[PDB]
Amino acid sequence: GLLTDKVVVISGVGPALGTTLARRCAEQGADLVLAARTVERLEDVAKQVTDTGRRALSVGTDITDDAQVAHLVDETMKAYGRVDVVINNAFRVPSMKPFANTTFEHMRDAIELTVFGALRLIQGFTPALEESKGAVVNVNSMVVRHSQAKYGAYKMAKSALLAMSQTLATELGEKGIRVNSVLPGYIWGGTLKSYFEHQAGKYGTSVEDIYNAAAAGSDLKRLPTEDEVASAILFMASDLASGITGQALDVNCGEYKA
C-alpha cells in the first residue's frame, strides 16, 4: 500500500507508461484523476483503475489551455476534495530531425506542451498540494543525458522541463511540496514492441536486432519495462521518498549514469 487513500492526478495518459502508471497507483491504494486531450482513451484506463476497486475521474484536458486546466482542478476538488500527487507524464511523440530541418513552430509547440503545460498543471494544483504536503513527479527523458544528432528539439524541451522542475523544488519546498523527475530511455511494452515491429519491416531486419541495438548501451542489456519505470515514479510519489526533492532518477538499465 504505497499510496493508500491518496489522490493521484496523472496528466498525459497514453496507452503505454500512462496506462501502466494508473493501474499501478490504483493497486497501491490510490484514487485517480486521469487527464488527456482525447477522453476516449481514458475510458479503458479508468476501467483498469476501477477493476482494482478504486475510483477514477476522467477529465478531457488540453493542458496548454488556462480554462481547461482550471476546469480540471475544479472537477478534481469537487470529486475528491484533495490531491496528494501530480504526475506529468511524457506523452508528446518526438520527431528525430536535426535542428537544421526542425521548424520553429514545432519547437514552440513542444515547449508549450512539455514545459508550460506541466507548469500550468503544477500551479493549478499548488493549493491542493500545499494542504497535503504533496509531491510532483515529472516524467522526463534519457535524452537530457546525451547530445545525439536528431534528438535536439526533444532534448531542448526536456532540458527546459528539468531546469524548471529543479527550480520548482526550491520554490515549492517551503510549502512542504516535493518535486522530482524520473528519466526513462526506451520503455518496453506493447506500444514499443509494435513500433519495433514497424521499424523491423521497414529496415528489413528482426525485432530482436532492433531491441538488442536499443539495449546495447545499457549495463543490463535489457530495456526497462513500463512496470519498472512506473515503480520509480511510484517511489518518488510516495512517502518512502519524503526526504527526496529536486532529484532526477534515471531508469535506463545503466545506459547513462548520474
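Residue numbers here begin at 1 and follow the sequence given.
- Two stretches are in play, 107-115 and 137-145, and the higher mean C-alpha B-factor belongs to 107-115.
- Just going by the entry, 153-161 versus 79-87 on mean CA temperature factor gives the higher value to 79-87.
- For the set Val33, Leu223, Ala200, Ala232, the PDB entry puts the maximum C-alpha B factor at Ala200.
- Ranked by Cα temperature factor within the chain, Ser95 sits in the highest third according to the deposited record.
- For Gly18, the recorded CA temperature factor ranks within the middle third of the chain's modelled residues.
- In the deposited entry, the Cα temperature factor of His71 places it in the highest third of its chain's modelled residues.
- Among the modelled residues of the chain, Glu174 sits in the highest third by CA temperature factor in this PDB entry.
- For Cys253, the recorded CA B-factor ranks within the lowest third of the chain. Only modelled residues enter the ranking.
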